Amino acid sequence: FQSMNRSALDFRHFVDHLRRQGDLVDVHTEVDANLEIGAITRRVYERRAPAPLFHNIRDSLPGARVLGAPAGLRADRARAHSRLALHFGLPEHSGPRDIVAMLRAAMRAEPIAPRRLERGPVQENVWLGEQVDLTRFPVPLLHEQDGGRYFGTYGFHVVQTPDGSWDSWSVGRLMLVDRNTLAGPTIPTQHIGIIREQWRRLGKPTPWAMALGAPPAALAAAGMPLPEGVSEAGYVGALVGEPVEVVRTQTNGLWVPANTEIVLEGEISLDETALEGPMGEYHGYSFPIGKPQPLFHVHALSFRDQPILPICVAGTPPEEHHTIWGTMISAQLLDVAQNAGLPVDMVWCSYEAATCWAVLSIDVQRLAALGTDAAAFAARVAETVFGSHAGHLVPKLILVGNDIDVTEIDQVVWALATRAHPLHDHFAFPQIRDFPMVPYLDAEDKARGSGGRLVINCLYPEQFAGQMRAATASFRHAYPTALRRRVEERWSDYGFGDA
Amino acid sequence: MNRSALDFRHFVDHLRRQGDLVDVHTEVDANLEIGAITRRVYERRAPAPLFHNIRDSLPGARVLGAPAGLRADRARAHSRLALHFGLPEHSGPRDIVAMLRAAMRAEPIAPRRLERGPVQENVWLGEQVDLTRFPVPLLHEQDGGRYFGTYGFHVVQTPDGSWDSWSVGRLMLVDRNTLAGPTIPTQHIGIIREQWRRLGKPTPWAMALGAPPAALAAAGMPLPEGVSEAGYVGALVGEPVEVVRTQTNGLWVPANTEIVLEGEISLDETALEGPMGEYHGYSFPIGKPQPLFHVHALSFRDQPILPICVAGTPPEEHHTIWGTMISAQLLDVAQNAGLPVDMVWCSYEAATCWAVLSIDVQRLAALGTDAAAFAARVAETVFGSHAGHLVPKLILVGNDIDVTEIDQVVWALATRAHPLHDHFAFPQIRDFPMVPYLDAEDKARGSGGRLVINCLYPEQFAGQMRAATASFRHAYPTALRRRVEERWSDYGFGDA
Ligand SMILES: Cc1cc2nc3c(=O)[nH]c(=O)nc-3n(C[C@H](O)[C@H](O)[C@H](O)COP(=O)(O)O)c2cc1C
Ligand SMILES: Cc1cc2nc3c(=O)[nH]c(=O)nc-3n(C[C@H](O)[C@H](O)[C@H](O)COP(=O)(O)O)c2cc1C
Ligand SMILES: [Mn+2]
Ligand SMILES: [Mn+2]
Ligand code: NA
Ligand code: NA
């Protein structure tokens with residue numbers, strides 16, 4: 001119980017804790033960062049195997065390690081989310097709802113500022129100027145048709161508004177360009193893109209750092225679409241109940257977590273670019289052609305002894321673009337909806353849907369008082385959700401009554417198949433602007449910048465009057481409470497035991 | 001194992017030998033308790049329960065719950081279903097579909113008529129008929145009555161004797177020798193019975209309960225009109241089904257059936273039947289008048305086993321049997337019509353409310369068409385068939401995904417269906433009347449619930465694909481995939 005709480009704030013301890021859970025495999029065989037690491041980890045995601053810690057990567061800095069699947073799922077269904085739950089210090093049986101509830105409580109708690117320290121483990125090794133050689137690290141080629149090797153797939157950028165009011169921590173990919181330059185996207189609706197654009201009106205480049213192997217709770221928050229201007233570091237402290245220990249970078253004054261595995265520092269160039277990508281991505285596809293992206297100059301880097309580089313091998317679910325990102329989006333969307341007065345009691349970005357839809361659980365004993373109907377409700381939800389920072393990331397919304405558990409894909413499918421009426425429940429919103437990464441967009445959607453948004457209504461019409469056409473024929477809903485308890489009571493005595 | 005396909009009692013014994021059967025010796029109430037246990041068995045994917053000690057029931061009589069439920073062990077999940085066809089425990093949807101389709105291509109093997117058989121060990125005639133002596137369950141709390149037949153099939157015969165039809169249909173208990181159940185006019189029972197209404201006499205009928213599992217499966221299969229189920233079963237298992245004559249009306253039933261009911265379907269007598277939890281997962285509140293089935297005689301084996309199906313949320317036998325049979329029949333219909341379809345699957349999770357069509361991407365381009373035209377073509381062919389009429393929604397997706405895996409179907413629905421281009425409603429095509437989302441407008445018009453969801457990217461109709469799949473199988477060369485599989489144990493995973 002103590003090991004779990006230290007796991008939230010210490011990546012190295014997090015890894016040791018995974019091993020104690022039996023959720024880590026120590027790979028001592030020599031492995032090739034050219035595709036092999038990426039292949040092993042992909043198979044780990046899809047088999048829901050323990051996270052691999054790679055101890056020996058060919059042609060890499062001696063002692064350097066790689067952690068694959070830092071928040072992959074486990075095969076054991078009772079502990080399937082334990083690796084993700086451990087990012088917040090939660091026990092192994094924690095599930096989606098437990099994680100979301102804790103993420104929301106931290107939103108309403110006052111931030112706990114980071115504790116500034118003079119020294120930290122991240123400073124045990126410092127490479128300055130000409131010592132910087134990113135190619136010495138075990139930088140993987142993650143997919144066969146990738147456009148380059150990716151240094152940052154599981155770290156977050158650290159930048160600061162010029163006025164010093166807003167400390168932004170955000171996860172974004174960074175491709176390896178040469179020994180001291182990286183390149184990665186800065187979509188204008190993400191917070192790095194906004195602050196970076198705050199520096200272009202000052203004639204200066206953006207001072208920048210990236211933390212890799214950062215405190216797991218800090219990494220999760222960096223992958224969370226918190227509202228604009230909100231500092232991620234204070235939300236992490238509030239989430240774990242104590243400040244995140246930080247130190248100053250070696251060359252630009254930004255504060256990064258003190259026990260980070262690897263810290264990069266430099267600046268984001270104002271107009272230099274390099275062809276970046278393509279890369280297998282969260283939607284599950286590898287698109288064929290890359291795009292020019294801003295260059296990240298690395299003036300210095302520091303790392304702990306025997307540094308662990310965590311990676312994410314993006315693709316078909318479930319990987320960290322779903323377990324981390326989708327989870328964080330779900331909790332933010334729940335807060336967005338409830339704050340707007342919408343009758344939503346849970347939101348879940350089904351991992352199986354590759355973070356391309358969110359299922360909203362509708363409190364049916366609140367629906368009647370709205371005096372509305374499917375078409376009006378869908379439009380109201382669309383404006384509210386899609387207009388939020390978190391809701392902008394997700395193109396499809398499914399609305400269903402809270403009689404189903406929206407975290408269970410089988411129940412969501414049951415509701416889609418049996419409740420969505422083909423003529424009445426398909427609400428496209430072609431005027432709402434799209435998130436540009438949605439894989440089914442066509443040339444026309446990309447020219448207008450909209451066309452991909454959808455609300456699928458699974459609320460029967462009578463539910464807007466507080467009624468329901470039929471009861472559910474299931475164990476829970478087709479038998480009286482006294483009989484259900486008797487069956488649950490005697491289950492083992494009938495002869496079933498644990499099955 | 002092939003014994004199991006032709007012998008319900010051996011099938012039960014085979015399940016126990018597999019470790020897939022729980023013998024319940026605790027006394028249980030057929031009033032709701034048996035249904036509640038079995039419903040939980042479906043949802044937990046537990047072993048099939050055999051109830052030996054049924055309160056208030058005929059001595060020696062037993063009840064088999066979840067005869068075709070799924071198992072928690074994912075490697076053997078479909079073993080109980082597969083054993084209906086004599087297939088091994090690791091058989092999956094595709095193996096089952098392939099075998100059901102080979103059976104369509106073999107010529108039928110007529111049943112072998114015997115004069116004696118185990119089903120005749122006990123005979124009740126006329127006033128001996130007391131259906132209430134059997135462990136007739138009340139399956140759901142709000143059900144309209146107790147159901148004797150949830151896992152048996154009607155046996156009727158054309159007046160010409162050209163067509164012996166076996167069809168699964170529910171039968172509610174009305175009184176000690178009368179039952180009532182639906183005979184929807186598009187089903188084959190309703191067509192043959194309404195051929196008898198043109199004759200002056202009622203429809204002679206029998207129901208086999210605890211029949212040979214292979215016969216039960218076929219009876220739950222929408223084979224074309226005029227096709228005799230019994231001959232298809234023989235072709236499926238490779239040998240005739242042994243059948244004997246009924247004791248009182250000359251209809252022929254399988255010889256080792258657990259329980260055989262005999263009588264006739266009255267022309268115009270009805271009784272308020274239902275409601276009952278149904279395949280779509282819902283219990284609607286009000287019943288309907290349905291034809292009365294008069295039971296003049298019945299026969300059963302010593303210590304008879306009454307199989308039951310507790311309809312509701314998936315997966316139960318309305319999905320594992322019915323859905324599977326529909327999928328195989330739909331694959332045949334589609335391929336016979338020339339559609340470029342290589343697999344069809346009625347996802348159990350969708351409660352037999354949608355069918356996923358796996359599109360052979362290498363044949364699509366030669367059609368020179370597009371999503372709208374293809375969807376309309378698929379709609380006409382599929383919904384127009386006997387099997388396709390049962391399913392209101394079709395999903396078309398390329399065969400790069402495994403359409404039997406709901407996680408992959410969901411990935412495709414979410415990442416390939418464009419909200420503006422891929423939602424093809426067909427409000428003019430007649431509906432299957434049980435579809436739960438129909439409104440008053442559809443039930444008065446007789447149509448409005450049909451839909452085709454297109455998950456084929458537009459470039460696929462030209463034989464192209466916008467992007468490769470980022471997965472282990474599709475993002476790495478074959479040699480690396482082999483090396484990772486070979487050295488998996490060296491890495492430290494050991495069966496992970
Ligand atoms: C492993 C992982 C990788 C991610 N990579 C990217 C990325 O490359 N580009 C991007 O725009 N968002 C990416 N995200 C999502 C962002 O981290 C997320 O939207 C976050 O809210 C951004 O922070 P911000 O709200 O301060 O902009 C990733 C998330 C995770 C979990
Ligand atoms: C367990 C089970 C129960 C079924 N119950 C019914 C039913 O009550 N009413 C009905 O119309 N069809 C029911 N069916 C569907 C029929 O068995 C199926 O449509 C079959 O093809 C009918 O035979 P037919 O083609 O000769 O009409 C059931 C199927 C199964 C597997
Ligand atoms: Mn932010
Ligand atoms: Mn038939
Ligand atoms: Na963030
Ligand atoms: Na049939």
# chains A, B, ... in the order shown; residues from 1 in each chain; ligands from 1
call {"tool": "interface_residues", "arguments": {"of": "chain B", "to": "chain A", "cutoff": "6 Å", "atoms": "only C-alpha atoms", "output": "PDB file with N, CA and C atoms, in the first residue's frame"}}
result
ATOM      1  N   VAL B  22     -22.467 -29.294 -14.845  1.00  0.00           N
ATOM      2  CA  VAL B  22     -22.621 -29.328 -13.398  1.00  0.00           C
ATOM      3  C   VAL B  22     -23.906 -30.079 -13.082  1.00  0.00           C
ATOM      4  N   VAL B  24     -26.634 -30.564 -10.630  1.00  0.00           N
ATOM      5  CA  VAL B  24     -27.224 -29.855  -9.498  1.00  0.00           C
ATOM      6  C   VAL B  24     -28.121 -30.829  -8.745  1.00  0.00           C
ATOM      7  N   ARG B  39     -29.880 -18.359 -16.379  1.00  0.00           N
ATOM      8  CA  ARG B  39     -29.545 -17.049 -16.924  1.00  0.00           C
ATOM      9  C   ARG B  39     -28.159 -16.615 -16.472  1.00  0.00           C
ATOM     10  N   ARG B  40     -27.856 -16.807 -15.188  1.00  0.00           N
ATOM     11  CA  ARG B  40     -26.525 -16.481 -14.699  1.00  0.00           C
ATOM     12  C   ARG B  40     -25.473 -17.377 -15.332  1.00  0.00           C
ATOM     13  N   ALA B  46     -20.703 -20.295 -17.582  1.00  0.00           N
ATOM     14  CA  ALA B  46     -20.430 -21.414 -16.695  1.00  0.00           C
ATOM     15  C   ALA B  46     -20.825 -22.726 -17.358  1.00  0.00           C
ATOM     16  N   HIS B 140     -39.056 -16.295 -16.545  1.00  0.00           N
ATOM     17  CA  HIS B 140     -38.791 -14.917 -16.158  1.00  0.00           C
ATOM     18  C   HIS B 140     -39.879 -14.429 -15.207  1.00  0.00           C
ATOM     19  N   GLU B 141     -39.501 -13.466 -14.361  1.00  0.00           N
ATOM     20  CA  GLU B 141     -40.415 -12.920 -13.361  1.00  0.00           C
ATOM     21  C   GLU B 141     -41.718 -12.427 -14.000  1.00  0.00           C
ATOM     22  N   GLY B 277     -39.357 -13.005 -22.032  1.00  0.00           N
ATOM     23  CA  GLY B 277     -38.041 -12.509 -22.386  1.00  0.00           C
ATOM     24  C   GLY B 277     -37.615 -13.136 -23.697  1.00  0.00           C
ATOM     25  N   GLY B 281     -33.158  -9.493 -25.970  1.00  0.00           N
ATOM     26  CA  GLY B 281     -32.722  -9.105 -24.649  1.00  0.00           C
ATOM     27  C   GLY B 281     -33.757  -8.389 -23.811  1.00  0.00           C
ATOM     28  N   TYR B 282     -34.997  -8.284 -24.285  1.00  0.00           N
ATOM     29  CA  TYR B 282     -36.015  -7.476 -23.628  1.00  0.00           C
ATOM     30  C   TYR B 282     -37.245  -8.319 -23.320  1.00  0.00           C
ATOM     31  N   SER B 283     -37.959  -7.909 -22.273  1.00  0.00           N
ATOM     32  CA  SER B 283     -39.253  -8.473 -21.900  1.00  0.00           C
ATOM     33  C   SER B 283     -40.291  -7.378 -22.118  1.00  0.00           C
ATOM     34  N   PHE B 284     -41.002  -7.447 -23.236  1.00  0.00           N
ATOM     35  CA  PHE B 284     -42.095  -6.520 -23.468  1.00  0.00           C
ATOM     36  C   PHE B 284     -43.292  -6.898 -22.598  1.00  0.00           C
ATOM     37  N   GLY B 312     -32.953 -13.987 -23.482  1.00  0.00           N
ATOM     38  CA  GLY B 312     -32.571 -12.714 -22.882  1.00  0.00           C
ATOM     39  C   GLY B 312     -31.277 -12.193 -23.495  1.00  0.00           C
ATOM     40  N   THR B 313     -30.576 -11.376 -22.712  1.00  0.00           N
ATOM     41  CA  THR B 313     -29.359 -10.747 -23.205  1.00  0.00           C
ATOM     42  C   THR B 313     -28.336 -11.823 -23.574  1.00  0.00           C
ATOM     43  N   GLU B 349     -23.112 -10.562 -29.465  1.00  0.00           N
ATOM     44  CA  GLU B 349     -23.258  -9.355 -28.659  1.00  0.00           C
ATOM     45  C   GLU B 349     -24.384  -8.466 -29.165  1.00  0.00           C
ATOM     46  N   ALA B 350     -24.666  -8.502 -30.467  1.00  0.00           N
ATOM     47  CA  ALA B 350     -25.744  -7.704 -31.042  1.00  0.00           C
ATOM     48  C   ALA B 350     -27.101  -8.395 -30.950  1.00  0.00           C
ATOM     49  N   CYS B 353     -29.416  -9.080 -33.814  1.00  0.00           N
ATOM     50  CA  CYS B 353     -29.984  -7.900 -34.455  1.00  0.00           C
ATOM     51  C   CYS B 353     -29.088  -7.274 -35.515  1.00  0.00           C
ATOM     52  N   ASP B 407     -14.575  -6.974 -31.007  1.00  0.00           N
ATOM     53  CA  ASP B 407     -13.614  -5.882 -30.842  1.00  0.00           C
ATOM     54  C   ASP B 407     -13.134  -5.347 -32.188  1.00  0.00           C
ATOM     55  N   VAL B 410     -16.033  -3.437 -33.919  1.00  0.00           N
ATOM     56  CA  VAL B 410     -16.177  -2.122 -33.301  1.00  0.00           C
ATOM     57  C   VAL B 410     -15.100  -1.175 -33.813  1.00  0.00           C
ATOM     58  N   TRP B 411     -13.851  -1.641 -33.850  1.00  0.00           N
ATOM     59  CA  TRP B 411     -12.782  -0.818 -34.408  1.00  0.00           C
ATOM     60  C   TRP B 411     -13.145  -0.321 -35.807  1.00  0.00           C
ATOM     61  N   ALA B 414     -16.116   2.256 -35.757  1.00  0.00           N
ATOM     62  CA  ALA B 414     -15.676   3.539 -35.224  1.00  0.00           C
ATOM     63  C   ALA B 414     -14.719   4.251 -36.173  1.00  0.00           C
ATOM     64  N   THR B 415     -13.839   3.512 -36.853  1.00  0.00           N
ATOM     65  CA  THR B 415     -12.785   4.174 -37.617  1.00  0.00           C
ATOM     66  C   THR B 415     -13.045   4.225 -39.120  1.00  0.00           C
ATOM     67  N   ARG B 416     -14.066   3.537 -39.628  1.00  0.00           N
ATOM     68  CA  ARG B 416     -14.285   3.503 -41.067  1.00  0.00           C
ATOM     69  C   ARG B 416     -15.641   4.025 -41.509  1.00  0.00           C
ATOM     70  N   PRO B 419     -19.925   9.470 -41.031  1.00  0.00           N
ATOM     71  CA  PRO B 419     -21.292   9.845 -40.644  1.00  0.00           C
ATOM     72  C   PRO B 419     -22.134  10.359 -41.799  1.00  0.00           C
ATOM     73  N   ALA B 425     -30.283   3.677 -44.819  1.00  0.00           N
ATOM     74  CA  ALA B 425     -31.568   3.152 -44.391  1.00  0.00           C
ATOM     75  C   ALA B 425     -32.381   2.697 -45.598  1.00  0.00           C
ATOM     76  N   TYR B 437     -36.697  -2.009 -31.672  1.00  0.00           N
ATOM     77  CA  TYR B 437     -36.682  -0.551 -31.760  1.00  0.00           C
ATOM     78  C   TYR B 437     -37.733   0.013 -32.708  1.00  0.00           C
ATOM     79  N   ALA B 467      -4.717   3.319 -45.836  1.00  0.00           N
ATOM     80  CA  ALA B 467      -3.679   3.149 -44.826  1.00  0.00           C
ATOM     81  C   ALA B 467      -3.614   1.698 -44.396  1.00  0.00           C
ATOM     82  N   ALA B 468      -2.404   1.253 -44.073  1.00  0.00           N
ATOM     83  CA  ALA B 468      -2.208  -0.074 -43.514  1.00  0.00           C
ATOM     84  C   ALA B 468      -2.582  -0.096 -42.030  1.00  0.00           C
ATOM     85  N   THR B 469      -2.792  -1.301 -41.516  1.00  0.00           N
ATOM     86  CA  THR B 469      -3.182  -1.490 -40.127  1.00  0.00           C
ATOM     87  C   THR B 469      -1.942  -1.563 -39.245  1.00  0.00           C
ATOM     88  N   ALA B 470      -1.904  -0.719 -38.208  1.00  0.00           N
ATOM     89  CA  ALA B 470      -0.804  -0.718 -37.241  1.00  0.00           C
ATOM     90  C   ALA B 470      -1.077  -1.764 -36.158  1.00  0.00           C
ATOM     91  N   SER B 471      -0.715  -3.009 -36.463  1.00  0.00           N
ATOM     92  CA  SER B 471      -0.839  -4.121 -35.527  1.00  0.00           C
ATOM     93  C   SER B 471       0.381  -5.021 -35.659  1.00  0.00           C
ATOM     94  N   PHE B 472       0.516  -5.960 -34.721  1.00  0.00           N
ATOM     95  CA  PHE B 472       1.618  -6.912 -34.801  1.00  0.00           C
ATOM     96  C   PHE B 472       1.609  -7.644 -36.137  1.00  0.00           C
ATOM     97  N   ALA B 475       2.168  -4.670 -39.141  1.00  0.00           N
ATOM     98  CA  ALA B 475       3.155  -3.595 -39.096  1.00  0.00           C
ATOM     99  C   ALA B 475       4.590  -4.106 -39.089  1.00  0.00           C
ATOM    100  N   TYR B 476       4.801  -5.397 -39.319  1.00  0.00           N
ATOM    101  CA  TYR B 476       6.118  -6.004 -39.197  1.00  0.00           C
ATOM    102  C   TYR B 476       6.268  -7.108 -40.229  1.00  0.00           C
ATOM    103  N   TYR B 491      12.596 -14.441 -24.367  1.00  0.00           N
ATOM    104  CA  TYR B 491      12.463 -13.088 -23.832  1.00  0.00           C
ATOM    105  C   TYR B 491      12.095 -13.093 -22.356  1.00  0.00           C
ATOM    106  N   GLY B 492      11.452 -14.161 -21.883  1.00  0.00           N
ATOM    107  CA  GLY B 492      11.009 -14.260 -20.501  1.00  0.00           C
ATOM    108  C   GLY B 492       9.508 -14.387 -20.313  1.00  0.00           C
ATOM    109  N   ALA B 496       2.915 -16.032 -22.273  1.00  0.00           N
ATOM    110  CA  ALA B 496       2.238 -14.763 -22.035  1.00  0.00           C
ATOM    111  C   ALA B 496       1.674 -14.197 -23.333  1.00  0.00           C
TER     112      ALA B 496
END
call {"tool": "select_by_dssp", "arguments": {"residues": "region 40-183 of chain B", "states": "helix (DSSP H, G or I)", "output": "VMD selection string"}}
result
chain B and resid 40 to 44 74 to 76 79 to 83 93 to 105 118 to 120 126 to 128 131 to 133
call {"tool": "residues_around", "arguments": {"residues": "residue 447 (chain B)", "least_positions_apart": "3", "cutoff": "9 Å", "atoms": "only C-alpha atoms", "output": "ChimeraX atom specification"}}
result
/B:426-432,438,441-444,450
call {"tool": "write_last_selection", "arguments": {"atoms": "N, CA and C atoms", "output": "tab-separated table (two decimals), in the first residue's frame"}}
result
chain	number	residue	atom	x	y	z
B	426	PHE	N	-33.22	1.69	-45.38
B	426	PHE	CA	-34.09	1.12	-46.42
B	426	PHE	C	-35.50	1.02	-45.86
B	427	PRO	N	-36.20	2.15	-45.75
B	427	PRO	CA	-37.50	2.15	-45.04
B	427	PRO	C	-38.62	1.42	-45.78
B	428	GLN	N	-38.43	1.00	-47.02
B	428	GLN	CA	-39.50	0.34	-47.76
B	428	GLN	C	-39.47	-1.18	-47.63
B	429	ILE	N	-38.40	-1.77	-47.10
B	429	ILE	CA	-38.27	-3.22	-47.05
B	429	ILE	C	-38.98	-3.76	-45.82
B	430	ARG	N	-39.76	-4.82	-46.01
B	430	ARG	CA	-40.57	-5.36	-44.92
B	430	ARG	C	-39.69	-5.82	-43.77
B	431	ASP	N	-40.18	-5.60	-42.55
B	431	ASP	CA	-39.43	-5.85	-41.32
B	431	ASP	C	-39.77	-7.21	-40.74
B	432	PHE	N	-38.81	-7.78	-40.02
B	432	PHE	CA	-39.11	-8.88	-39.11
B	432	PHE	C	-39.82	-8.31	-37.88
B	438	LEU	N	-38.54	-0.83	-33.34
B	438	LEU	CA	-39.58	-0.32	-34.22
B	438	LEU	C	-40.57	0.53	-33.42
B	441	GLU	N	-45.17	3.93	-36.10
B	441	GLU	CA	-45.15	4.23	-37.53
B	441	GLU	C	-44.68	3.02	-38.34
B	442	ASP	N	-43.65	2.31	-37.87
B	442	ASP	CA	-43.13	1.18	-38.63
B	442	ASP	C	-44.09	-0.01	-38.60
B	443	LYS	N	-44.69	-0.27	-37.44
B	443	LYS	CA	-45.57	-1.43	-37.31
B	443	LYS	C	-46.88	-1.27	-38.07
B	444	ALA	N	-47.31	-0.03	-38.33
B	444	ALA	CA	-48.48	0.19	-39.17
B	444	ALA	C	-48.11	0.12	-40.65
B	450	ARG	N	-35.02	-1.44	-41.47
B	450	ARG	CA	-33.87	-2.03	-42.15
B	450	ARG	C	-32.75	-1.01	-42.37
call {"tool": "closest_residue", "arguments": {"among": "A:304, A:65, A:77, A:248", "to": "residue 92 (chain A)", "atoms": "only C-alpha atoms"}}
result
A:77
call {"tool": "residues_around", "arguments": {"residues": "region 69-73 of chain B", "least_positions_apart": "3", "cutoff": "8 Å", "atoms": "only C-alpha atoms", "output": "MDAnalysis selection string"}}
result
chainID B and resid 41:42 44:48 66 76:81 315:317 320
call {"tool": "closest_residue", "arguments": {"among": "B:455, B:435, B:30, B:484", "to": "residue 52 (chain B)", "atoms": "only C-alpha atoms"}}
result
B:30
call {"tool": "residues_near_ligand", "arguments": {"ligand": "ligand 1", "cutoff": "6 Å", "atoms": "only C-alpha atoms and all ligand atoms", "output": "number ranges by chain"}}
result
A: 153-154, 168-173, 187, 190-192, 222-226, 312, 320-321, 324-325
call {"tool": "residues_around", "arguments": {"residues": "region 325-336 of chain B", "least_positions_apart": "3", "cutoff": "6 Å", "atoms": "only C-alpha atoms", "output": "PDB file with N, CA and C atoms, in the first residue's frame"}}
result
ATOM      1  N   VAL B  97     -19.509 -22.727 -39.487  1.00  0.00           N
ATOM      2  CA  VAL B  97     -20.127 -22.222 -40.710  1.00  0.00           C
ATOM      3  C   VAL B  97     -19.702 -23.070 -41.903  1.00  0.00           C
ATOM      4  N   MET B 221     -32.461 -23.525 -38.103  1.00  0.00           N
ATOM      5  CA  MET B 221     -31.776 -22.955 -39.251  1.00  0.00           C
ATOM      6  C   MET B 221     -32.777 -22.567 -40.326  1.00  0.00           C
ATOM      7  N   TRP B 322     -29.337 -20.060 -33.233  1.00  0.00           N
ATOM      8  CA  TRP B 322     -30.061 -19.323 -34.262  1.00  0.00           C
ATOM      9  C   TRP B 322     -29.122 -18.423 -35.058  1.00  0.00           C
ATOM     10  N   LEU B 339     -22.469 -12.100 -54.700  1.00  0.00           N
ATOM     11  CA  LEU B 339     -21.875 -11.045 -53.891  1.00  0.00           C
ATOM     12  C   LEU B 339     -20.458 -11.436 -53.474  1.00  0.00           C
ATOM     13  N   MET B 343     -17.506 -14.209 -45.592  1.00  0.00           N
ATOM     14  CA  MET B 343     -17.949 -14.650 -44.278  1.00  0.00           C
ATOM     15  C   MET B 343     -19.089 -13.747 -43.840  1.00  0.00           C
ATOM     16  N   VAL B 344     -20.025 -14.326 -43.098  1.00  0.00           N
ATOM     17  CA  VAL B 344     -21.105 -13.584 -42.463  1.00  0.00           C
ATOM     18  C   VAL B 344     -21.197 -14.035 -41.014  1.00  0.00           C
ATOM     19  N   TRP B 345     -21.414 -13.085 -40.106  1.00  0.00           N
ATOM     20  CA  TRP B 345     -21.507 -13.431 -38.693  1.00  0.00           C
ATOM     21  C   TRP B 345     -22.487 -12.498 -38.005  1.00  0.00           C
ATOM     22  N   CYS B 346     -23.471 -13.093 -37.333  1.00  0.00           N
ATOM     23  CA  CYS B 346     -24.441 -12.359 -36.523  1.00  0.00           C
ATOM     24  C   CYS B 346     -23.859 -12.272 -35.121  1.00  0.00           C
ATOM     25  N   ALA B 387     -33.474 -16.255 -44.627  1.00  0.00           N
ATOM     26  CA  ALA B 387     -32.605 -15.974 -43.487  1.00  0.00           C
ATOM     27  C   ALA B 387     -32.402 -14.477 -43.299  1.00  0.00           C
TER      28      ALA B 387
END
call {"tool": "residues_near_ligand", "arguments": {"ligand": "ligand 2", "cutoff": "8 Å", "atoms": "only C-alpha atoms and all ligand atoms", "output": "MDAnalysis selection string"}}
result
chainID B and resid 150:153 165:171 181:184 186:190 216:225 229 309 311 316:323 325:326 386:387 390
call {"tool": "closest_residue", "arguments": {"among": "A:15, A:33, A:264, A:159", "to": "ligand 3", "atoms": "only C-alpha atoms and all ligand atoms"}}
result
A:159
call {"tool": "residues_around", "arguments": {"residues": "region 202-214 of chain B", "least_positions_apart": "5", "cutoff": "8 Å", "atoms": "only C-alpha atoms", "output": "count of residues only"}}
result
42
